[PDB]
Amino acid sequence: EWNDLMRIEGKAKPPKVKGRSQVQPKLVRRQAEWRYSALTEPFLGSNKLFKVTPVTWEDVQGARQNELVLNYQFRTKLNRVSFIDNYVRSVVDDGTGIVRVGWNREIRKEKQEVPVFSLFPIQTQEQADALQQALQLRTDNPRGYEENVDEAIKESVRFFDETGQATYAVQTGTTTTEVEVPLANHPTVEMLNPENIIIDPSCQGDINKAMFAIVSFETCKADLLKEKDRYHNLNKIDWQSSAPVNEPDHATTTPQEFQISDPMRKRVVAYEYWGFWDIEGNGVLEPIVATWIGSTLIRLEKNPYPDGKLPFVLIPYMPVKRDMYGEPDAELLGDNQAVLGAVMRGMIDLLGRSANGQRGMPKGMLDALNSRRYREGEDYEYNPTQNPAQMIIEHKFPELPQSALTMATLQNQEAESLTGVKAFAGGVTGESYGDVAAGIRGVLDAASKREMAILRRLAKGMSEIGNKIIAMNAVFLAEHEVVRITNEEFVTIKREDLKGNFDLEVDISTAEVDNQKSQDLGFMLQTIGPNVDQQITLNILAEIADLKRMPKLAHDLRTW
Amino acid sequence: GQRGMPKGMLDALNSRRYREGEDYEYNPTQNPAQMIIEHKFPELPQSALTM
Amino acid sequence: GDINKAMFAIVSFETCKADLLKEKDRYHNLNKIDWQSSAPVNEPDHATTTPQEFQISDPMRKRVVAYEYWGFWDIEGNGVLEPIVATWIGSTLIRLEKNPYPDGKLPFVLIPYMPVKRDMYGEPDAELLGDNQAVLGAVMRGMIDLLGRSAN
Amino acid sequence: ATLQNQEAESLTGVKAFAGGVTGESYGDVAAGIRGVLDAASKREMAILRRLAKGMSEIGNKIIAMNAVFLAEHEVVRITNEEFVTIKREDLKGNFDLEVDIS
Amino acid sequence: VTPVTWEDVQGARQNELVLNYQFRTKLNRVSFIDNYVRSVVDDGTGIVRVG
Amino acid sequence: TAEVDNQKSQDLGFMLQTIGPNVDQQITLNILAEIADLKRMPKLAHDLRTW
Amino acid sequence: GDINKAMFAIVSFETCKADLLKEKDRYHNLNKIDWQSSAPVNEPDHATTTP
Amino acid sequence: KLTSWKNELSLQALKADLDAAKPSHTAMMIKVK
């Protein structure tokens, strides 16, 4: 009903009349139209989307590493602008937004020739110097070590890492070995159609208290074959039986008649069950996942993600107390839209149905010749009894009553009062999102704070998504990938500490936050004596340089 | 949007010509400018807005 | 609603024999092509500004419509999809090979003016303004008719 | 006529002789910090960012293609500096670079 | 083009120089920009082919 | 609230200005520690405290 | 009129067997309970959004 | 056979895919027109 009100469909459409208009102005569309651009801007003002801050003094390296990895992943693997637009539009239009977070992995086996090296004891000072230079290069610059050191010295360094004794290796022969090259290792974030996902109704208004959640999506055989070990009973599946046209419950934009010729690439609907079950029957509930296509159960296993919660995030546009869902603005504005449309139709019918351009002539004022002369457009002579100035009538549009304009203005004012959105005012709440930047001594009009609250509600969901993705990256990503992305030493996170989010805090980053942090750092540097300690000054300067996006200068200052 | 026309002002042919949307001729006894009425919305009283 | 999730993309363009001969190794079966059969006028589907009756005398410089297929196919039949490219003119397949570009994605970029949630395409401003334009035109026509039809 | 014009301007958000200065404020450190613009400017800014995203994608694709197709001597001629080599394995994932409109 | 890490300055400068030279020499930037913006505004969606 | 932290920072700065910087190093280091803490700089505060 | 001076307070909530079994020591006589007899539909006094 | 691949697409598959995808594009183009 809300979508029909938004798009003027269903009951919202005016009745069809042969001799009258069928026009309706779009009020809810307009109010949401400024809201979209009001909300979307804060999330796209800077190149960096996520900000990670340490909780203690020991967490700085981990926070920097996780921030770099998360920013790289969001910049490369996802289209940020489209995702933000879809997220904001769904939240505004439906009142509730469900986000699905998952992991995508694909590995290909390849065979490459690998040289065989035979160890030999280190002799003379030249070998020791070469090994020391290789170790120093690895410590200072991983990329230079990977590109320039060459394979034999790399093998020597690996043996030094494994065994304390230094050794020298000489190539003997080449042997073919099987190596796995992963094409894609990146998280996936996707908005979900509300009709697709079904949540436990007995959750008592809290998503975490929900026992189970079921989501239906479109998939092909290639996606299932990407991870062969994960799925079973693939041969028993009949692809024709499970089709988008066959299941009316699934809501999708795919045409009903579209079918790909290749059986491997054909799309079939599948279901998943995320919830808690008593697997051992002793009264202990643990998270599980189950996937079935049609009537065949293909996948059954425990929850793979470390967090142990359902990978869904809900964000309400307008919260309802002790309720999970939210409400849009169409509920308050449907009546006003209907009344405004009725008034506008009345005015347009009034103008259209009237006769315009016609001319009325009294009988007997002009005889045949004079009437013809008047019609052609030349001078004429009339009977003095009738006065052409008054008797000749040229029709015009009727005058509009003031009641229609007054009522249209009243409906518009009531709509703006209820919604809190004006045509050409507001929208600048995003510049004041930063706490240190503008929260301190920041005065905004009454209309800005509602948008501020909505922005905070969206930012909470964004922070939850970031935390989930960080938790997944802590396990799935390997050491060499993180070293390649960050070009720094790796920091390890213990598996038992993964359940509880310590040492980290995730929040949306804005341009003004960085400027205010730079000003605070400058003030702190001014307050402390420059000659008190050189290390503190160098670290402060490096922190200031980082916020200004000069990494070479910051690295030079740090290692000075 | 309704239109009311007095009886006898226009004969059959002139009435049809008026209805189609072309020029016509009327009897001088009655004046179409005042006789032809196009109904409109009534004016809202000030009492409702004041209250 | 995601361009990256698309399995395939097909684009039609106008080309001449010289362009194909620029890279002889890439294309095959050039002799079997009948140039007259494949023409912009012959195919109503292709949309172009070229005049229907315009024709270049030189056979080498004559323009013919061609099609390309950018998508993922299971080349080895073991369930692994890899990007490919295929070009055909008329009913003859001239080129077939893997994706040359390092990125491995379809070389197309889509930008929407006004995004539609869970949809690829966008919308212009004419959708909202058509009725207003019609009403304004009607009012202006009424005013001009009122002035013009009067005797002055 | 005035009502139709006002409704069209409200729906579209574009006026006759106002606005259009959003592009000068696109710079992040330039004007995004402590930059206040009217409500009508932010829609144009959003559309401009949507265009800039496609421009960045085009630039990334062209850089990826230049990484393979262009030879060493051509790049040396263009830049008049020493050549820097990029490995073929790193071509799939865009590391070390970020492209944006200047 | 901006570096992500401290080692990327030379590569960023090289790629920026090459890209700017190519776009300045091999293309008519003004006409391309006008066509791009006009098509995006008029049709609501713009498709760019890179080769 | 955010403004409470700012006002506490201003009060600490005023107290640091009023008291002689050289009368006691421990008091100055401590005051700098709470000033850094209110600015969300745990590492700087820890460095100042254990200096 | 004072909450602290209140002698008793009674609250009704919805729970499952797993919640009670989380801490087995606290609860007794779990077997004697019949789950069907005590249901949200059975008790009109309890107000909840559960269907 | 243009290529040495074990499974080759052939022109009929591409033509069938184009014919299948055509109806949606044809309906969409009406809005742009």
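Residues numbered from 1 in each chain as written, not as in the entry; some residues may be left out. Chains lettered and ligands numbered in written order. Part of a larger assembly, values for the part shown. Heavy atoms only, no water.

Going by the header, the method for this PDB entry is cryo-EM, and the resolution given is 3.0 Å.

Another point: the overall build of chain H. Looking only at helices and strands, chain H features one helix and zero strands. Seen through its C-alpha atoms, chain H measures out along the principal axes to roughly 45 × 10 × 10 Å. Burial analysis of chain H (33 residues in total) assigns 24% to the buried set. A total of about 2400 Å² of accessible surface is found on chain H, and carbon and sulfur atoms cover 58% of it. (Helix = DSSP H or I, 4+ residues; strand = E, 2+ residues; numbered from the N terminus. Buried < 20%, exposed > 50% of the residue type's maximum accessible area, 1.4 Å probe, protein only. Areas by Shrake-Rupley, 256 points an atom, 1.4 Å probe, with all protein chains shown as cover.)

Now for the overall build of chain A. For chain A, the helix and strand inventory stands at 18 helices and twelve strands. Here the C-alpha radius of gyration of chain A, 35 Å, is well above what a compact globule of 560 residues would show, namely 24 Å. Over its C-alpha atoms, taken along the principal directions, chain A stretches across nearly 135 × 75 × 55 Å. When the 560 residues of chain A are sorted by exposure, 45% land in the buried category. Taking as baseline every contact in chain A between residues at least 6 positions apart, the subset at least 24 positions apart corresponds to 72%. Surface exposure of chain A reaches about 29800 Å², of which carbon and sulfur atoms provide 51%. (Rg over C-alpha atoms; globule rule 2.2 N^0.38 Å. Contact = heavy atoms within 4.5 Å.)

Once that is clear, we can look at the arrangement of the chains. Taken together, the 13 pairs of chains in contact show their highest number of contacts between chains A and D. What separates chain B from chain F at the closest point of their C-alpha atoms is a distance of 43 Å, and the two make no contact. Spatially, chain C is disjoint from chain F: no contact exists, and the shortest C-alpha separation is 37 Å.

Right, let's get into the interface of chain D and chain A. In this assembly, 32 residues from chain D lie in contact with 37 residues from chain A. Between chain D and chain A, a total of about 3200 Å² is buried, with carbon and sulfur atoms accounting for 53% of that surface. Viewed at the interface, chain A and chain D are joined by eight salt bridges. One salt bridge in this structure joins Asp90 of chain D and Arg484 of chain A, with 3.1 Å as the shortest N-O distance. (Buried area = accessible area lost by both parts, 1.4 Å probe. Salt bridge = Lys/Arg side-chain N within 4 Å of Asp/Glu carboxyl O.)

Before going further, it helps to spend a moment on a positive patch on the surface. Together, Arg20 and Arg353 of chain A together with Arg3, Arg16 and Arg19 of chain B make up a positively charged patch on the protein surface. By the secondary structure assignment, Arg3 of chain B is in strand β1 (residues 3–4). (Patch = residues over 30% accessible without salt bridge, like charges linked within 9 Å, V, L, I, M, F, W, Y side chains within 5 Å. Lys, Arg positive; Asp, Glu negative; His and termini not counted. Charge placed at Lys NZ, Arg CZ, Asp CG, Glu CD.)

On to unusual backbone geometry. Residues and elements named next belong to chain A. Its identity is not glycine, yet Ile8 carries a phi of approximately 55°, on the positive side. Along the chain, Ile8 falls in the loop between α1 (2–7) and α2 (27–40). The backbone of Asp503 sits at a positive phi, close to 70°, despite the residue not being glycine. Using a relative accessible area of 35% as the deciding quantity, one classes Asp503 as partly exposed.

This part is about helix α3 (residues 39–69) of chain D. Between its first and last C-alpha atoms α3 of chain D spans 46 Å; for 31 residues at 1.5 Å apiece the expected length is 45 Å, and the two agree. Taking burial as the measure, the 31 residues of α3 of chain D include 22 buried ones, the bulk of the element. (Expected span 1.5 Å × (residues − 1).)

Once that is clear, we can look at a negative patch on the surface. All names here are of chain A. Residues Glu1, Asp323, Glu327 and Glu331 make up a contiguous surface patch of negative charge. Within the fold, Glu327 resides in the loop between β9 (312–316) and α9 (330–353). Residue classification places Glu327 among the partly exposed residues on the basis of a relative accessible area of 33%.

Right, let's talk about the pattern of salt bridges for a bit. Under the counting rule described, the total for this entry stands at 45 salt bridges over all chains. Close ionic contact of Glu33 of chain A with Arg29 of chain A constitutes a salt bridge, the shortest N to O distance being 2.5 Å. With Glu33 of chain A and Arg29 of chain A both in helix α2 and four residues apart, the pair spans about one turn of that helix. Each member of the pair, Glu33 of chain A as well as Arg29 of chain A, carries the same accessibility label: buried. One salt bridge in this structure joins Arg484 of chain A and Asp96 of chain D, with 3.3 Å as the shortest N-O distance. Of this pair, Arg484 of chain A sits in helix α15 (residues 479–486) while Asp96 of chain D sits in the loop between α4 (72–79) and β1 (97–98), which puts the two residues in different chains. For the pair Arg484 of chain A and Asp96 of chain D, one class covers both residues: buried. Linked through salt bridges whose partners overlap, the residues forming this network are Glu23, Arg26, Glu68, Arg95 and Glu97 of chain C together with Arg49 of chain E.

In this section: the nonpolar core. By size, the foremost hydrophobic cluster in this structure holds 67 residues, and its most contacted members are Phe312 and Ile508 of chain A. Of all the elements, helix α14 (residues 446–476) of chain A adds the most residues to this core, at eleven residues. Apart from residues lying up to four places away in sequence, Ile508 of chain A is in contact with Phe43, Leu49, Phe50, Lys51, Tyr433, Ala459 and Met462 of chain A. In this structure, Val11 and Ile111 of chain C together with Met55 and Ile63 of chain D belong to the second largest nonpolar core, which totals 26 residues. (Core = buried A, V, L, I, M, F, W, Y, C linked by side-chain atoms within 4.5 Å.)

Moving on to the side chain of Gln516 of chain A. All names here are of chain A. Inspection of the secondary structure assignment puts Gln516 in helix α16 (residues 511–527). Residue classification places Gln516 among the buried residues on the basis of a relative accessible area of 19%. Within polar-contact distance, the side chain of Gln516 engages the side chain of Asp520 at 2.8 Å. Filtering out sequence-adjacent residues up to four positions away, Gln516 remains in contact with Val436 and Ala437. (Polar contact = N/O pair within 3.5 Å; in protein donor to acceptor, adjacent residues only side chain to side chain.)

Right, let's talk about the packing of aromatic side chains for a bit. Aromatic ring pairs: the centre-centre distance and the angle between the two ring planes describe each pair. Using the criterion set out here, one finds 15 aromatic pairs over all chains in the structure. Taken together, a centroid distance of 4.9 Å and an interplanar angle of 25° make the contact between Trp103 of chain A and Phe476 of chain A stacked. In this pair, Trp103 of chain A sits in strand β2 (residues 96–121) while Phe476 of chain A sits in helix α14, placing the two residues 373 residues apart along the sequence. In this structure, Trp103 of chain A and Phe476 of chain A share a single accessibility class: buried. The interplanar angle of 5° and the centroid separation of 5.7 Å between the aromatic rings of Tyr271 of chain A and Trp292 of chain A together place this pair among those described as stacked. One end of the pair, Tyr271 of chain A, is in strand β6 (residues 267–277); the other, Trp292 of chain A, is in strand β7 (residues 286–293), and 21 residues separate them in sequence. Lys15 of chain D extends its terminal NZ or CZ atom over the ring of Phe424 of chain A, reaching a point 4.3 Å from the ring centre. (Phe/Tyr/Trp six-rings, centres within 6.5 Å; stacked < 30°, edge-to-face > 60°. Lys NZ or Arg CZ within 6 Å of the ring centre and 35° of its normal.)

On to the sheet that holds β7 of chain A. Residue and element names in this part refer to chain A. Strand order in this open sheet of five strands is β4-β5-β6-β7-β8, and the pairing throughout is antiparallel. Looking along the sheet, the strands with just one partner apiece sit at the ends: β4 (198–199) and β8 (296–302). In the sheet, β7 pairs with β8 via six bridges, with the strands oriented antiparallel. By the bridge assignment for β8, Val289 is matched with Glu301. (Pairing = 2+ DSSP bridges.)

Residues and elements named next belong to chain A. Within strand β5 (residues 212–220), seven of the nine residues are buried, which leaves it mostly tucked inside the rest of the structure. Sheet analysis places β4 next to β5, joined by two bridges and oriented antiparallel. Bridge pairing links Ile199 to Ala213 in β5. Direction of pairing for β5 relative to β6: antiparallel, over a ladder of nine bridges. If you follow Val215 over to β6, its bridge partner there is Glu272.

Right, let's get into the interface of chain H and chain C. Between chain H and chain C, the residue contacts involve 16 residues of the former and 24 residues of the latter. The largest per-residue losses of area from chain H upon contact with chain C belong to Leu2, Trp5 and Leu9 of chain H, which jointly make up 35% of the total buried on that side. The interface formed by chain H and chain C holds zero salt bridges in total. Where chain H packs against chain C, one counts one residue pair in polar contact. Residues of the side of chain H that touches chain C, tallied by class, amount to nine nonpolar, two polar and five charged. (Nonpolar A, V, L, I, M, F, W, Y, C, P; charged D, E, K, R; others polar.)

As a further point, take the packing of helix α5 (residues 124–140) of chain A against helix α7 (residues 151–162) of chain A. All names here are of chain A. Two elements in contact, α5 and α7, have axes separated by 10 Å at closest approach and are oriented at 85°. What the angle tells us is that α5 and α7 run roughly perpendicular. Together, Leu131, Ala134, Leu135 and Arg138 of α5 and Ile153, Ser156, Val157, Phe160 and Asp161 of α7 make up the contact between the two elements. Broken down by class, the residue content of the contact of α5 with α7 amounts to six nonpolar, one polar and two charged. (Axes fitted to C-alpha atoms, helices over the stretch in contact; angles between N-to-C directions. Parallel < 35°, antiparallel > 145°, perpendicular 65-115°, else oblique.)

Turning to the side chain of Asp8 of chain E, a few remarks are in order. Relative to the helices and strands, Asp8 of chain E resides in the loop between β1 (2–3) and α1 (9–25). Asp8 of chain E sits in the buried class, given a relative accessible area of 4%. When near neighbours in sequence (up to four residues on either side) are disregarded, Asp8 of chain E contacts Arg143 of chain A, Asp96 of chain D together with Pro3 of chain E.

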